[PDB]
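The structure under discussion appears below in the form of C-alpha cells.
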Ligand SMILES: C[C@H]1O[C@H](O[C@H]2[C@H](O)[C@@H](O)[C@@H](O[C@H]3[C@H](O)[C@@H](O)[C@H](O)O[C@@H]3CO)O[C@@H]2CO)[C@H](O)[C@@H](O)[C@@H]1N[C@H]1C=C(CO)[C@@H](O[C@H]2O[C@H](CO)[C@@H](O[C@H]3O[C@H](C)[C@@H](N[C@H]4C=C(CO)[C@@H](O)[C@H](O)[C@H]4O)[C@H](O)[C@H]3O)[C@H](O)[C@H]2O)[C@H](O)[C@H]1O
Ligand SMILES: [Ca+2]
Ligand SMILES: [Ca+2]
C-alpha cells in the first residue's frame, strides 16, 4: 500500500485504498456486544479478500433508544468511553490490532456534530450558557447560527458548537486517542454538512495529517437557499467544494444519485467519472451504506435509498473497475452472497493497477455503459447492461476476458 496526499493536498492515502464498510445498521441488535470479537476473528479473511482498509462503527458508546425503532448504533453517543454496544474497550483494541496486523487500516466513524446531551450517566457534561451548544444562540432554522457554523441535526438541541475552542480541542484530542491506543489509520466524518469543512482539515492536520479521511456530505442542491450558488449546482460540484475545503475525500453521492434515479448509461456523471483527475480522485464510491441500504434484521434496516438487486453486480463492477476510491458494504460482501463476485473484481482492480486518479473514457454508440479505464498495468474495458459485442469495437490492443456475469450484463476485459 502506498501513502501520500493528492497533488492538491487531499488525504486520499496514495489513491490505492479499497475499503470495507465494516458493519451494517442492525449489528448492535444482531450480534449483541460481540461485533469487535467478530471483526477480530474475520480480520485475516478481510485482508485475504483484498481490502486495504475497514470503516469501523462509531467507537463512542451510544445507549440511546427511540420508537420503527432504533438506537445504540453510535450516531447518538453520550461520551467517548469505548465500552458500548459493539464490544468492550479491550475487544476494540484486540480487533484494531488484528486488522492492522493483517494490513487493514482502521478508519473510525466519528460524529462531531452532536451528542446525546440528555443522557443521564456520562463522562462529558457541558452546561448551557457558555457557548458550547448550538442552542446557546438564537436558532431560527436549519442553517448556520452564531454557535454552529453548519446545519443542525433535526431540531438542533443536541448540536455542539464545534468551533468553540474547548469543543474543537475535545475532538482533536479524541482523534489523537483513536490514532494511538485504537490504531486508527484515518476517519470517516459523519454529517459534514453540520460544521465547517475547514474544521475537518484542521482536525486532520492536528491529529492525523497523513492518514486517510472521508467526509459524508449527503445534501442535494434543493436543500440550499435559493441565493446560494449550490442551489443551482450539480451534486458533483457540491461534494467537490466540500473536499477542496476539508482536504479530504468525499463520498460520491453524485454517483449514488445517478444509480438511483438515472440509467446505467448515466452512471458516468458521478464525481468518479469526471475528466479532471483532481475531481475524480477525491470521490469515495459506494453502492449502499448503513443508511441507504438494507441490513439484516429488524425492519430490513433503514433502506433510505437502496439499490435494487438487479443492479448490484453492475454497480460493484463499476465502482471496483473505475477511478475514485471504492467502498464495499458489509452485507453485500458477507451476508448476501456477492463476496465471490466482489473478490474477483478486487483482484481485477489490483492486477490492472487502477487507482483513484486513473483515466476513464466513456464510449458512445452502445446501450448501457461502456468505459475504458487506464490502470498502471492494464487497460480495462467495462460493459454494463450493454449491447457491446467485444472490446475491439471500442479499444486498441489485445484483450482477454476478466469478468462475465449476469448473462453478459457485467463484462470486463483486460489488456
Ligand atoms: C441519515 C442521513 O440524513 C441526512 O441525509 C438525508 C439527505 O440530506 C436527503 O437529501 C435525503 O436523501 C435522499 C433520500 O434518502 C432518498 O430517499 C430520496 O429519494 O432522495 C434524497 C436525495 O435527494 O435523505 C437523507 C436521509 O434522511 C444527512 O444529511 C446525512 O448526513 C445522514 N447520515 C449520517 C448522520 C446521522 C446522524 O449522526 C446518522 O443517523 C442515524 O443515527 C441517528 C441517531 O441515532 C438516527 O436518529 C434517531 O435518533 C435521534 C436521536 C432522533 N433525534 C432526536 C434528537 C434531537 C436533537 O436534540 C431532536 O431534535 C429530535 O426531535 C429527536 O427525535 C431521531 O429522530 C431518530 O431518527 C437517524 O435516524 C439515523 O439515520 C447516519 O447513520 C449517518 O450516516
Ligand atoms: Ca494507501
Ligand atoms: Ca451543527
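Quick note: numbers on chain A are straight from Swiss-Prot, i.e. 22-88, 92-439, in order.
Quick reminder: no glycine exception, Cβ is built from N, Cα and C everywhere.
Marked as Ca(2+) 1 binding site by Swiss-Prot: 22, 23, 34, 37, 38. The substrate binding site annotation in Swiss-Prot covers 99, 100, 138, 177, 178, 179, 180, 181, 212, 314, 326, and the record cites similarity to another entry as its basis. According to Swiss-Prot, the feature Ca(2+) 2 binding site maps to 137, 172, 175, 183, 218. Among the features that Swiss-Prot reports, disulfide bond is placed at 161-171, 237-272, with the record citing similarity to another entry. Here Swiss-Prot flags 214 as active site, nucleophile, drawing on similarity to another entry. Here Swiss-Prot flags 240 as active site, proton donor, drawing on similarity to another entry. The site 'Transition state stabilizer' annotation in Swiss-Prot covers 315.
Residue 88 and residue 92 flank a stretch of 3 residues with no modelled atoms, and their CA atoms are separated by 6 Å. According to DSSP, residue 272 (disulfide bond) is assigned to coil rather than to any helix or strand.
Applying an 8 A CB threshold to same-chain residues 6+ apart, the list for residue 161 (disulfide bond) reads 155, 169, 170, 171, 172.
For residue 214 (active site, nucleophile), the same-chain residues 6+ apart in sequence whose C-beta sits under 8 angstroms from its C-beta are 79, 99, 133, 134, 135, 136, 137, 240. For residue 23 (Ca(2+) 1 binding site) paired with residue 180 (substrate binding site), the C-alpha to C-alpha distance reads 41 Å.
Neighbours of the Ca(2+) 1 site: apart from 22, 23, 34, 37, 38, residues of the same chain with C-beta atoms within 8 angstroms of the site's C-beta centroid are 24, 25, 33, 35, 36, 73, 236.
Residues from the recorded positions list (99, 178, 237, 315) with a C-beta closer than 6 Å to any atom of ligand 1: 99, 178, 315. Cα separation, residue 237 (disulfide bond) to residue 326 (substrate binding site), rounded: 25 Å. Nearest neighbour of residue 175 (Ca(2+) 2 binding site) by Cα distance, taken over the binding-site residues 34, 138, 326: 138. A simple Cβ count within 10 Å picks out one of the binding-site residues 180, 218 as the most packed, and that one is 218. Relative to residue 183 (Ca(2+) 2 binding site), the recorded positions with Cα atoms inside 10 Å are 138, the candidates having been 37, 38, 138, 272, 315. Checked against ligand 2, the binding-site residues 34, 38, 137, 138 give 34, 38 in sequence order as having a Cβ less than 6 Å away from one of its atoms.
Checking the recorded positions 37, 171, 237, 240, 315 against ligand 3 with a 6 Å cutoff on the Cβ atom leaves no residue at all.
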